[PDB]
Number of protein chains: 2
Amino acid sequence: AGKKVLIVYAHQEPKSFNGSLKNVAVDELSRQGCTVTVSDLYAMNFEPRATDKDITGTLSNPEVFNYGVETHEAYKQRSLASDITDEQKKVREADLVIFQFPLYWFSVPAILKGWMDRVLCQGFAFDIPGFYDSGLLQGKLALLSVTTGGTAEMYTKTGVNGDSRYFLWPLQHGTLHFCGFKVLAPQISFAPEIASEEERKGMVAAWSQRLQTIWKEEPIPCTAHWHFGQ
Amino acid sequence: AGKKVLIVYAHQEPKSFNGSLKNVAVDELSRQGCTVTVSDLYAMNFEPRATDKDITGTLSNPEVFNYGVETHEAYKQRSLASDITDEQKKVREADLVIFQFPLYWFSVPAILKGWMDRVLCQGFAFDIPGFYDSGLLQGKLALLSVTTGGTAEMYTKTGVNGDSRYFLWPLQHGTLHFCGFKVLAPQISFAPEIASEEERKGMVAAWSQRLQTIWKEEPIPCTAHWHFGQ
Ligand SMILES: Cc1cc2nc3c(=O)[nH]c(=O)nc-3n(C[C@H](O)[C@H](O)[C@H](O)COP(=O)(O)OP(=O)(O)OC[C@H]3O[C@@H](n4cnc5c(N)ncnc54)[C@H](O)[C@@H]3O)c2cc1C
Ligand SMILES: Cc1cc2nc3c(=O)[nH]c(=O)nc-3n(C[C@H](O)[C@H](O)[C@H](O)COP(=O)(O)OP(=O)(O)OC[C@H]3O[C@@H](n4cnc5c(N)ncnc54)[C@H](O)[C@@H]3O)c2cc1C
Ligand SMILES: COc1ccc(OC)c2c(C)cc(=O)[nH]c12
Ligand SMILES: COc1ccc(OC)c2c(C)cc(=O)[nH]c12
Ligand SMILES: [Zn+2]
Ligand SMILES: [Zn+2]
C-alpha cells in the first residue's frame with residue numbers, strides 16, 4: 001500500500017547473498033507500490049567514527065568534548081554534519097526500516113554500528129525521558145535481516161553459539177526498542193556459504209515470500225523473556 | 001612483571017572519565033613492572049570499515065569480493081594492510097588485553113567494533129574450523145572495562161535495560177571466548193556523568209586497586225549459564 005521503506009544495507013559486494021536479499025526486498029516492495037530507499041553504506045563510504053567532525057558550530061564545551069552532549073545540542077541547533085541529517089531524513093519518512101547485513105562478531109559490521117551510533121542521536125531518536133515505549137521513533141517498524149556463517153543448529157540453546165535470539169538483544173532491545181520502534185521478527189538466513197544451490201534459492205524466495213505479507217505482521221514482544229526464555 | 005599488557009582504548013577525549021581509567025591502568029601496570037602498550041583508536045584515526053583496502057597486492061578474486069576469504073588468504077600470505085598487522089603484532093605479544101570504552105548501544109563504539117572486525121581475522125584469532133577452544137589466542141586473558149550512561153539499578157534483571165550480562169554475551173562469548181581468551185570479570189563503571197566529583201574517585205580507585213592483583217584473578221566461566229541462567 002502507501003508505505004515508505006528504508007533499507008540500510010552493509011555488504012561490500014553487490015553479487016553477494018546479502019546483495020541478493022537486498023535486491024529481492026527492493027523488487028518485492030517496489031512491486032507492491034511501496035516507496036523504497038536504500039542506504040548502501042559501503043558504496044556511500046559512510047563514516048562510522050563518532051568524532052567532533054559531526055558538529056559544525058561552536059561546541060557547548062570545547063575544553064572537554066562529550067560526543068552525546070555535543071550531538072544532542074547540535075541536533076537542536078541544526079549544526080550536525082549533513083551525512084547524519086541526510087540519514088535522519090530517510091528514517092523520519094520511513095514506515096519500516098530494514099537492516100540487511102552479515103553477522104560480524106555476533107553483531108552488525110562496524111560500518112552499520114557507526115550508522116547507529118551517529119544517526120540515532122539524542123533529540124532525534126530518543127530523549128531523556130522519551131525512550132523504550134516512549135522513544136521518539138514510535139509508530140515505526142524495524143526488522144533485522146541477518147545472514148550468518150554458523151548453521152541453525154550451531155545457534156541453538158545447546159549449540160556452541162547459543163541461541164540466535166541471544167545475539168539479537170543489544171540490537172533489538174538496546175537500540176531499536178530503545179528508540180521506540182516496534183520490532184518485527186528477525187529474518188535470519190543461516191550459513192548460505194554451506195547451503196546448496198537449491199537451498200540458497202529457497203532462502204531468497206522465503207524472504208521475498210515473507211515481504212508479500214509484511215504489513216499484516218505483528219511485532220514481537222521485545223522483552224528479556226522472548227530473547228532468553230527461563 | 002614479566003607480563004605484557006595491551007590497552008585498546010576508544011574515547012575521543014583525553015580528559016574524559018574513560019581517559020582517566022586508561023591513564024590509571026597504564027600508571028598502575030607500569031608501576032608493577034609490566035610492559036604496557038596502548039592503541040588509542042581515535043588518535044590513530046583507526047579505520048573501522050572492512051574493505052578491500054585491507055589487502056595489499058592483487059586479490060585472490062577481484063571479481064566477487066569476499067572479506068572473510070580475502071583476509072584469511074592475505075593473513076597466511078603476509079599481505080594484510082600495515083594498520084592491521086601492527087595491531088596483530090601487539091595482540092600476539094600481549095598476556096592481557098584490556099578494552100576500555102563507553103557503552104554505545106549496548107555494545108562497543110563503532111571504531112572499536114572495527115578493530116575487532118579487521119584485526120581478529122581468520123588464521124590469526126581463530127580458524128574455520130578453529131574456535132572457542134581450538135581457538136588461537138588461548139593462554140591470553142581479556143578484560144572489558146566499560147563505562148555506562150545508565151545507573152546500576154537500570155541494569156538489573158528487572159531494570160529497563162535487563163542484566164549487564166545480557167549485553168556482554170556478544171563481546172565476551174561471541175568475540176573474546178571464540179578467539180580463545182580467558183575472560184576476566186568485566187569492570188563496569190556505572191553512570192559517571194551523574195557524578196559526584198567524589199564518587200567518581202571511588203570507581204577510579206577500585207579499578208586502580210583491582211589492577212594491583214589482576215594476575216591472581218580467576219577467569220569467569222564463559223558460558224550461556226554465566227550470562228543468562230541462575
Ligand atoms: C569479520 C567477520 C566476522 C564474522 N562474524 C560471524 C559471527 O559472529 N557469527 C557467524 O555465524 N558468522 C560470522 N561471520 C561470517 C558471516 O556472517 C558470513 O560470511 C555472511 O553472513 C555470509 O553472507 P554473504 O552475503 O557474504 O554470503 P556470500 O559469500 O556472498 O554467499 C554465499 C553464496 O550465495 C551465493 N548467492 C548470491 N546470490 C544468490 C542468489 N540470488 N541465489 C542463490 N545463491 C546466491 C553466492 O554467489 C555465494 O556463492 C563473520 C564474518 C566476518 C568477515
Ligand atoms: C552514541 C552513544 C550511544 C550510547 N549508548 C549507551 C547505552 O547503550 N547504554 C548506556 O548505559 N549508555 C549509553 N551511552 C552513554 C555513554 O555510555 C556514557 O556517556 C559514557 O559512558 C560516559 O563515560 P565518559 O568517559 O564519556 O564520561 P565523561 O563525560 O567524560 O566523564 C564523567 C565526568 O568525569 C570527569 N572526570 C574525568 N576524569 C576524572 C577523574 N580522574 N575523576 C573524577 N572525574 C573525572 C569528567 O570531567 C566528566 O565530568 C551512549 C552514548 C553515546 C554517545
Ligand atoms: C568468520 O566465519 C564464521 C563462520 C561461522 C561462524 O559460526 C558460528 C562464525 C562465528 C561464530 C564467529 C566468527 O567470527 N566467524 C564465523
Ligand atoms: C547519555 O545517553 C544515555 C544514557 C543512558 C542510556 O541507557 C540507560 C543510554 C542508552 C541506552 C542509549 C543511548 O544512546 N544513550 C544513553
Ligand atoms: Zn525490547
Ligand atoms: Zn563464553
# chains A, B, ... in the order shown; residues from 1 in each chain; ligands from 1
call {"tool": "residues_near_ligand", "arguments": {"ligand": "ligand 1", "cutoff": "6 Å", "atoms": "only C-alpha atoms and all ligand atoms", "output": "PyMOL selection string"}}
result
(chain A and resi 15-18+20+102-106+147-150+192-193+197+200-201) or (chain B and resi 67-68+117)
call {"tool": "select_by_dssp", "arguments": {"residues": "segment 22-168 of chain B", "states": "strand (DSSP E or B)", "output": "list in words"}}
result
residues 35, 36, 37, 38, 39, 40, 55, 80, 96, 97, 98, 99, 100, 101, 102, 104, 107, 122, 126, 141, 142, 143, 144, 145, 146, 147 and 148 of chain B
call {"tool": "write_last_selection", "arguments": {"atoms": "N, CA and C atoms", "output": "CSV table (one decimal), in the first residue's frame"}}
result
chain,number,residue,atom,x,y,z
B,35,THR,N,55.0,-4.5,30.9
B,35,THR,CA,55.3,-3.9,29.6
B,35,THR,C,53.9,-3.5,29.1
B,36,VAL,N,53.6,-2.3,28.8
B,36,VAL,CA,52.3,-1.7,28.6
B,36,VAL,C,52.3,-1.0,27.2
B,37,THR,N,51.4,-1.3,26.4
B,37,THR,CA,51.2,-0.6,25.2
B,37,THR,C,49.7,-0.2,25.0
B,38,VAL,N,49.4,1.0,24.4
B,38,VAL,CA,48.0,1.5,24.4
B,38,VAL,C,47.7,1.7,22.9
B,39,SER,N,46.6,1.2,22.3
B,39,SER,CA,46.1,1.6,21.0
B,39,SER,C,45.0,2.6,21.2
B,40,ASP,N,45.3,3.9,21.1
B,40,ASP,CA,44.3,4.9,21.2
B,40,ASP,C,43.6,5.1,19.9
B,55,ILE,N,43.7,-5.4,2.1
B,55,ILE,CA,44.6,-6.4,1.4
B,55,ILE,C,45.5,-5.6,0.4
B,80,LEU,N,48.3,-8.5,4.5
B,80,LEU,CA,47.3,-7.6,5.2
B,80,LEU,C,47.8,-6.2,5.3
B,96,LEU,N,47.7,-10.0,28.4
B,96,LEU,CA,46.4,-9.4,28.8
B,96,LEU,C,46.0,-8.3,27.9
B,97,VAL,N,44.8,-8.4,27.4
B,97,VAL,CA,44.2,-7.3,26.6
B,97,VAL,C,43.1,-6.7,27.3
B,98,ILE,N,43.2,-5.4,27.6
B,98,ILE,CA,42.2,-4.6,28.3
B,98,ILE,C,41.5,-3.8,27.2
B,99,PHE,N,40.1,-3.8,27.1
B,99,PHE,CA,39.4,-2.9,26.2
B,99,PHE,C,38.7,-1.9,27.1
B,100,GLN,N,39.0,-0.6,26.9
B,100,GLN,CA,38.5,0.5,27.7
B,100,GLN,C,37.6,1.4,26.8
B,101,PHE,N,36.2,1.4,27.1
B,101,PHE,CA,35.4,2.1,26.2
B,101,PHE,C,34.0,2.5,26.9
B,102,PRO,N,33.4,3.6,26.4
B,102,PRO,CA,32.0,3.8,26.8
B,102,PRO,C,31.0,2.9,26.1
B,104,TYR,N,28.2,2.0,23.8
B,104,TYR,CA,27.4,2.7,22.8
B,104,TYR,C,26.4,1.6,22.3
B,107,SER,N,26.9,-2.0,23.3
B,107,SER,CA,28.0,-2.6,22.6
B,107,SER,C,29.2,-1.7,22.6
B,122,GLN,N,40.6,-14.6,10.5
B,122,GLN,CA,40.7,-16.0,10.5
B,122,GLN,C,42.2,-16.3,10.1
B,126,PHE,N,41.4,-17.2,15.1
B,126,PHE,CA,40.6,-18.4,15.1
B,126,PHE,C,40.8,-19.0,13.7
B,141,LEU,N,44.6,-13.5,28.4
B,141,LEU,CA,43.5,-13.0,29.2
B,141,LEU,C,42.9,-11.8,28.5
B,142,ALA,N,41.6,-11.6,28.7
B,142,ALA,CA,40.9,-10.3,28.2
B,142,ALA,C,40.0,-9.8,29.2
B,143,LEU,N,39.8,-8.5,29.2
B,143,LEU,CA,39.0,-7.8,30.2
B,143,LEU,C,38.3,-6.7,29.6
B,144,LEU,N,37.0,-6.7,29.7
B,144,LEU,CA,36.3,-5.4,29.3
B,144,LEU,C,36.1,-4.4,30.5
B,145,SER,N,36.5,-3.2,30.3
B,145,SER,CA,36.3,-2.1,31.2
B,145,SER,C,35.4,-1.1,30.5
B,146,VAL,N,34.1,-1.0,30.9
B,146,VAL,CA,33.1,-0.3,30.2
B,146,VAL,C,32.6,0.7,31.2
B,147,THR,N,32.3,1.9,30.7
B,147,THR,CA,31.5,2.9,31.4
B,147,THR,C,30.1,3.0,30.7
B,148,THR,N,29.1,3.4,31.5
B,148,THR,CA,27.7,3.4,31.0
B,148,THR,C,27.1,4.7,31.3
call {"tool": "residues_near_ligand", "arguments": {"ligand": "ligand 6", "cutoff": "10 Å", "atoms": "only C-alpha atoms and all ligand atoms", "output": "VMD selection string"}}
result
(chain A and resid 160 to 162) or (chain B and resid 132 to 133 168 to 183 220 to 227)
call {"tool": "atom_distance", "arguments": {"atom1": "atom 13 (C, counted along the ligand's line) of ligand 2", "atom2": "atom CA of residue 110 of chain B"}}
result
13.0 Å
call {"tool": "closest_residue", "arguments": {"among": "A:218, A:199, A:83, A:163", "to": "ligand 3", "atoms": "only C-alpha atoms and all ligand atoms"}}
result
A:163
call {"tool": "atom_distance", "arguments": {"atom1": "atom 2 (O, counted along the ligand's line) of ligand 4", "atom2": "atom CA of residue 128 of chain A"}}
result
8.0 Å
call {"tool": "select_by_dssp", "arguments": {"residues": "segment 48-227 of chain B", "states": "helix (DSSP H, G or I)", "output": "PyMOL selection string"}}
result
chain B and resi 52-54+67-76+82-93+110-119+164-179+192-194+199-212+214-216+224-227
call {"tool": "atom_distance", "arguments": {"atom1": "atom CA of residue 34 of chain B", "atom2": "atom CA of residue 86 of chain B"}}
result
20.0 Å
call {"tool": "decode", "arguments": {"residues": "segment 4-25 of chain A", "atoms": "C-alpha atoms", "output": "JSON list (two decimals), in the first residue's frame"}}
result
[["chain", "number", "residue", "atom", "x", "y", "z"],
["A", 4, "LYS", "CA", 7.75, 4.15, 2.82],
["A", 5, "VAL", "CA", 10.56, 1.63, 3.44],
["A", 6, "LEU", "CA", 14.27, 2.39, 4.15],
["A", 7, "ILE", "CA", 16.75, -0.47, 3.70],
["A", 8, "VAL", "CA", 20.09, 0.16, 5.49],
["A", 9, "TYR", "CA", 22.43, -2.28, 3.72],
["A", 10, "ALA", "CA", 26.01, -3.23, 4.79],
["A", 11, "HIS", "CA", 27.87, -5.52, 2.41],
["A", 12, "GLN", "CA", 30.79, -4.69, 0.16],
["A", 13, "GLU", "CA", 29.85, -6.96, -2.76],
["A", 14, "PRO", "CA", 26.70, -6.48, -4.97],
["A", 15, "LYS", "CA", 26.80, -10.16, -6.11],
["A", 16, "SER", "CA", 26.74, -11.44, -2.53],
["A", 17, "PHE", "CA", 23.96, -13.35, -0.83],
["A", 18, "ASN", "CA", 23.29, -10.10, 1.09],
["A", 19, "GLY", "CA", 23.11, -8.13, -2.12],
["A", 20, "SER", "CA", 20.54, -10.67, -3.38],
["A", 21, "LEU", "CA", 18.34, -10.38, -0.27],
["A", 22, "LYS", "CA", 18.58, -6.55, -0.55],
["A", 23, "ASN", "CA", 17.62, -6.70, -4.25],
["A", 24, "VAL", "CA", 14.63, -9.03, -3.79],
["A", 25, "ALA", "CA", 13.42, -6.71, -0.99]]
